[PDB]
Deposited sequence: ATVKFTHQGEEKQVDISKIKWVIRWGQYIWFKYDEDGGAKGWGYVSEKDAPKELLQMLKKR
């Protein structure tokens, strides 16, 4: 599925290439989408489960 963030924005989970949890938020980078790579962040509260599953143990 997709990740909603920020100017709302949706990026498909397969495009997330890097992600960590810090300071109550989840921080991620993603591949070319609409022809441009980029970053985002979502509060740990509103984070999709398959996003959170990409995090390191534990």
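- Stretch of the deposited sequence left without coordinates: only 7 to 9.
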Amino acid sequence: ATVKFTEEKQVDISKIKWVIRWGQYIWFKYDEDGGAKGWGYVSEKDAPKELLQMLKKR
From here on, numbers count along this sequence of modelled residues.
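- Across the two stretches, 45 to 53 and 18 to 26, the PDB entry reports the greater mean Cα temperature factor for 45 to 53.
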